[PDB]
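Structure, as structure tokens:
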């Protein structure tokens, strides 16, 4: 299984593109990253950075995760994120998304050795 840090990578990292170049970027992109291989995942976010850049968020500002958990961290600078939200009924295998390209600060849930983003939580 694609656990914690690898699952973050799978779900989020899109470094090859600096931004959602299309209003339908998420539709295709979601597929290639294994996210929609069985079911069309209702909501997800891509993050247009390297892993190294996002590891850098884990030691900026400590925050609470959306549930209340103490192990989420925010960057002092805005990051290029692409929110992928299902539109017009996301059916398998023709998964249908609405794409948002935004430059917002990110909350990554971090741990491990070396200390790495394991889960993405919120863009603020």
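A short reminder: the numbers here are calculations on the coordinates, not readings from a lab. Using ideal geometry, Cβ is built from the backbone for each residue, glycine included, and neighbour counts are taken over all protein chains shown.
What the table shows:
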{"item": "Enumeration of residues in the range 56-97 that are closer than 20 Å to residue 26 by Cβ and surrounded by 16 or more Cβ atoms within 10 Å (Cβ to Cβ)", "result": "79, 80, 81, 82, 83, 84, 86, 90, 95, 97"}
{"item": "Residue check, residue 52 closer than 25 Å to residue 27 by Cβ and surrounded by fewer than 19 Cβ atoms within 10 Å (Cβ to Cβ)", "result": "no"}
{"item": "The one condition in (1) within 14 Å of the chain's Cα centre (by Cα); (2) in a loop (DSSP other than H, G, I, E, B) that residue 67 fails to fulfil", "result": "(1)"}
{"item": "Residue list for the range 22-52, filter: in contact (Cβ under 8 Å) with a residue 60 or more places away in the chain and assigned to a loop (DSSP other than H, G, I, E, B)", "result": "22, 23, 24"}
{"item": "Condition check for residue 18: farther than 23 Å from residue 107 by Cα and either under 14 Å from the mean Cα position of the chain (by Cα) or assigned to a loop (DSSP other than H, G, I, E, B) (or both)", "result": "no"}
{"item": "So residue 104, is it more than 24 Å from residue 3 (Cα to Cα) and within 16 Å of the chain's Cα centre (by Cα)", "result": "yes"}
